[PDB]
Amino acid sequence: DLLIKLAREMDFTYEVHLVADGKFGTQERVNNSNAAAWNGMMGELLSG
Amino acid sequence: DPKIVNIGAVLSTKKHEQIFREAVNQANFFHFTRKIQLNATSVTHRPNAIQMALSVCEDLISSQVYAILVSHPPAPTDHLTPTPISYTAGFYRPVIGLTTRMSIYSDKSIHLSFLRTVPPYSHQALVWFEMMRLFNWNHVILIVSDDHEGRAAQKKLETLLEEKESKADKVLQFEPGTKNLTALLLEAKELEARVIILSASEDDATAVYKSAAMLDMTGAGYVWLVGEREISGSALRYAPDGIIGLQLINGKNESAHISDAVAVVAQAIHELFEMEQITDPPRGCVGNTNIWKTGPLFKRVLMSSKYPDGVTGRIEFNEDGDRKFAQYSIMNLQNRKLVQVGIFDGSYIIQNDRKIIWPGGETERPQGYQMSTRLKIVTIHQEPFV
Amino acid sequence: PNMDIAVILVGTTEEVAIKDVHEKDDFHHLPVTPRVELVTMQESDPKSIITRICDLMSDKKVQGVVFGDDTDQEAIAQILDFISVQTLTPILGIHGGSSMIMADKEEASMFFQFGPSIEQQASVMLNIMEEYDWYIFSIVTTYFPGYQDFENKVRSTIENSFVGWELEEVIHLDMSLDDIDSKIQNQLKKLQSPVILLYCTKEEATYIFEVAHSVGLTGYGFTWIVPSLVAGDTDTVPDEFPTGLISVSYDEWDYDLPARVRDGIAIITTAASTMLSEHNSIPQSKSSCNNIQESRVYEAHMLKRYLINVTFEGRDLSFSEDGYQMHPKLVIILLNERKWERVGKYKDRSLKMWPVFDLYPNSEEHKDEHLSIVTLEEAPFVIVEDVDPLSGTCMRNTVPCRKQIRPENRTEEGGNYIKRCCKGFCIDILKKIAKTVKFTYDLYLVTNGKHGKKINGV
Amino acid sequence: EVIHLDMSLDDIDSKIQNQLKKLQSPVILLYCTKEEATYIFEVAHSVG
């Protein structure tokens, strides 16, 4: 209902999508293969 | 009698060696010589690496040379690069490049005492930054291969954008040799940014033109920014009419690089022999174990060279020993032909009287690079909320 | 089959007492039988190297080239890479110019060295700075090629671990111009951290320490740390280096050269035997020098997959994808008569501090002797908890309390030392007063006798 | 802490400078003479 209110108070188009799992910021603490990691979550906004 | 000093050089055809020997004779005339005498000693590129190393140790090192030049092997293919040749002088601490365009020579690990007077491909990215000053761009997409050139161009573009100005979106990488690259066009098309900057070789750029051509991605709004390896050879007929290209001024037959090279080296010798210890290189590669003490000093004198009235323009080195104030030419493909639309002298880009044509049939660049009204919404999974 | 394995030795050291190896004949359980062919070289030059490699290659069909010298010229090692361009032979570096690392090599070359990379040295420095509780640090880097992955490795490491680090600013200094315009001093005058890292070379480190001798960074409260390529040789000790410089380097002491050659032959023979024992199909040997257009197709990169996970004598003596040893035998030396003396041995992941005292500040003056504390597992006064096997080290303020037990095996006792982590009210008060009065102590429990009581008459 | 400085030898062992570098206060008092104050201000001008 908040998305409908903000959708009618502003002229734009929306598309709600459901996210599955992976909501913890990705704490790369387990020794994978002694390589270099990169921020892929934390904020959770820029995937694509 | 003046001291006989030798200068090493690695050239290709005999004509270039004649221009080198003539440039040494002119260097011994235009410069005041009271105690030194330059000597011309140049060899040719050999198809064998061992025969080339023995040719340097029995031709160049045996003559006790100080500065050694290098160009490019006259071969249509690429399988034996002259980079190991630069390792030879690495045993005796300087090699100056003339046609080296790869950014791998920009590093100082395997190229300690290696300086070049030719702007590589990474410097072209700087010109690309100047493009961001023309139409005021923001979100750009850099699509490079998975090698050292893509990492060097990525660190260079990231270094240029270190202030609070414009940033990067997503950098795409691909293995050089894969034709099925539709996922790169799908993920690149899904992203809001449309400024595509391609920097690869010919076979990769051909696959980008084919895969990007069979998906209808050359219309309005799509910008293709390439360099020089994407509008030459077999990658020219597949490129859309209106793609922004580049062209280095005086690509073939660079006599000014040889003449100005002997001028800068001669200035570094006549000026270097006016301080005081100045050791001498050993005789050949036999019975010589010690290194050269005048290495970083000779590289320092070669780097601190200024020629505002030179033939090529303004010879000046930077902190990495590369070429400053590059001279390029912004080209554009119009009706299956490369029409000159701009030139780059070194400081700013100067356009001629030809109007820039876009591949999407457009003639005027809009203000905003990309804008729409589609907004994606994401949320979590909760019973009382969603 | 008898495969030729040549060992090139460069230096004035007598090879008579070196080539005599007794680890052959009886140690040929594998179907392939190798043979050692050691050669000498008294002239350090690329012409003699290429001459002996080409002439020795055309004379004897060798498979594994093992080069080793005792100089400090890494460029010669690059020349070895050139040999790969003509041979693609797995060259192993044990000592000498082939001991230094080189970031970003050729993906097709087979150059493998025993030099510790910056990722391992950075982890060792972070472990040393972690055991002594050094949260605040100041990193000083220059224009040396390899600082981006260093600062991004330190930042990326401290931004994820549970240890609460504190990064002041990573400054940068220039060496192309002398400090005459008052800039380097202005950048070095804002460093108030108990530990300062340095990432540069040698002639640059002499100038950084020369200016730092006048700025005020080489005294009490401050401690500089340099890796391995900064100190270099331990014999040349200049004067500008202050007292107290924890530097990591290679052991090159207890590890004997014949053991290095034996390990190299074991790795080359083992990796050359895994393909024959698994794939059951191996190509021919190496061709001559310039004959590369015919033998360029017989080379297979699958052996590279056998050059990453290599086991020998149970220990994890393997390598990585970059071309270096996974677990390098590192040593930590400290500069005092101004001589580099060893203080600890970093193995696998744990660090051993035995040939030196655990307390970093010396007691030669300030305080003397120490103090031992013994208690018992009491309800609200001393809570004893076993150490977690996932890490093996007490965390936060949990005091590592040892325990001396004797395994009563029927009619024979032993001497086991089980270490646990103690925490409670006594740990809190003794740590609060211990931090205030500033002294070293110990903590252990009682395994026999418990509380004092009367026995007969004593 | 109230530090003490000895003026009888040129600062060559880096001790007085190490005693003056640990002064993190907006106000610093000085109690000496003139030729000693010229040297204290001379080193303090280089410390910061």
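We number each residue from 1, going along the chain as drawn.
Per the header: electron microscopy, 7.0 Å.
Cβ atoms here come from the backbone N, Cα and C positions, even for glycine.
Features reported for this protein in Swiss-Prot:
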{"type": "DISULFID", "residues": "B:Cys57-B:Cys285", "note": "disulfide bond"}
{"type": "CARBOHYD", "residues": "B:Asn39", "note": "N-linked glycosylation site"}
{"type": "CARBOHYD", "residues": "B:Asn180", "note": "N-linked glycosylation site"}
{"type": "CARBOHYD", "residues": "B:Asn253", "note": "N-linked glycosylation site"}
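Summarising the environment of B:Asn253 (N-linked glycosylation site), the number of other Cβ atoms within 10 Å of its Cβ, over all protein chains shown, is 10. Cα distances from B:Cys285 (disulfide bond) to the glycosylation sites B:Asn39, B:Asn180, B:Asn253 are smallest for B:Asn39. The glycosylation sites recorded for this entry are B:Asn39, B:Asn180, B:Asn253, and the Cα of B:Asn39 lies nearest to that of B:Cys57 (disulfide bond). Listed glycosylation sites: B:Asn39, B:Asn180; maximum Cβ neighbour count within 10 Å falls on B:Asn39. Residue environment of B:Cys285 (disulfide bond) contains 25 other Cβ atoms, counted within 10 Å of its Cβ in all protein chains. Checking the recorded positions B:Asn39, B:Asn180, B:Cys285 against chain C with a Cβ-Cβ cut-off of under 8 Å leaves B:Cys285. Taken residue by residue with DSSP, B:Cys285 (disulfide bond) is part of neither helix nor strand, so it is coil. Counting every protein chain shown, 21 other Cβ atoms lie within 10 Å of the Cβ of B:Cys57 (disulfide bond). Between the alpha carbons (Cα) of B:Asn39 (N-linked glycosylation site) and B:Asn180 (N-linked glycosylation site) lies a span of roughly 55 Å.
The secondary structure of B:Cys57 (disulfide bond), as reduced to three states from DSSP, is helical. A gap of 38 Å separates the Cα atoms of B:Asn253 (N-linked glycosylation site) and B:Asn180 (N-linked glycosylation site).
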